[PDB]
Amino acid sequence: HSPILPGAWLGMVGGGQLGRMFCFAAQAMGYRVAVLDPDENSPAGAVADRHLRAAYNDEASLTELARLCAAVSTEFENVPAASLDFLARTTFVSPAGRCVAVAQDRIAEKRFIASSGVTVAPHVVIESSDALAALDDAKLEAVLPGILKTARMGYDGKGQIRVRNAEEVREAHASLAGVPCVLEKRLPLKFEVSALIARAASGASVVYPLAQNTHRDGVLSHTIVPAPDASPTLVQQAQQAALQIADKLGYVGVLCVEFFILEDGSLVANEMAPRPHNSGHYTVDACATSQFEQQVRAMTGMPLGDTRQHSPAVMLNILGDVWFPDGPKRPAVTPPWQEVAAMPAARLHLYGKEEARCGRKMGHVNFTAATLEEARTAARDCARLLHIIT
């Protein structure tokens, strides 16, 4: 792979906030970015050097994107692997369609992670209605109470149903229209962490510090780095697990692997994203090389960047609910950004989305400081200010 040098066109399939942040990182280094996204108002397309407004399966636009760009990546985990393989006919695609296909499917990803030697949650795979009908209640009850999750990803807790008994599993499967699913045992969680790595085509890799993530209603709420409750032994185990997965996958790009730490202290892998990740946004303001810059380097064949964390950090997600302090039925109220910017630790990132809606990620605020406790205090003060907490 002869390195793709500054000045080239780089392609981005998907135009959300992750694609927007990729644009800034690539453009700062002198690259030009073409974003393929069907939405007219895409956050990434707004800042890109070129926006191809097209469906992800549109042959003419895929051909146009691959002709223009020396390398193409994605920020969209559910992108069709066939689209990435189509692009790969004429240009370099990182990560490959084959890798994204494993990572985007909950059944395949848990099989693959287990085959890498990494523990996953006890679960039962439900390929179809016919397969579920042949399973006895006892096979289901072994993983109950549990969560029934569609294999095809639903972001933000979508496509998931709590189930307490076998009859609830069977009704839940029908409610999900019979699609392939994984039934996972609900586990006793002490805390949650994510490992963030980047891997080059050569097999070289870098690792970020472990992040400790808190979710509300299945949506990431905040991230604390370095993880305050993860020992150096656990950090190495989680980083190594993510590297072992990436190596076995032949993965080129940025990979985020989310883990549970149970009450007994064991490490359980849950999910992996074949892209930069919401829990990696802190890297923009806390680390020498951000995850978006790693995505540039990996897809261009350039050397991977130093991951050194120069400042402890906390990321706070900003959801559209922040605009509805008097409830969802009442009018929107613009959040108090002037008071956020008055916090010395606050690094404000707003995505340019026009309409605030509950559950919608509108931005995030990174808090960096000399010490983690100062950063955590500022994030909590900001959460109270924004009515994220009382």
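The first residue of the shown sequence is 1; numbering continues from there.
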Averaging the C-alpha temperature factors as deposited, the higher value of 328 to 336 versus 358 to 366 falls on 328 to 336
The stretch carrying the higher mean Cα B factor in the deposited entry, 154 to 162 or 253 to 261, is 154 to 162
Per the deposited B-factor column, the C-alpha that peaks among 232, 274, 305, 209 belongs to 232
In this crystal structure's PDB entry, the residue among 285, 184, 136, 293 with the greatest CA B factor is 136
Temperature factor at the Cα of residue 42, chain-ranked in thirds, falls in the highest
Quick tally, chain-level thirds of C-alpha B-factors: residue 23 sits in the lowest
Temperature factor at the Cα of residue 377, chain-ranked in thirds, falls in the middle
In terms of its chain's C-alpha B-factors, the third that includes residue 67 is the highest
Chain-relative C-alpha B factor for residue 84 (record values, thirds): the lowest
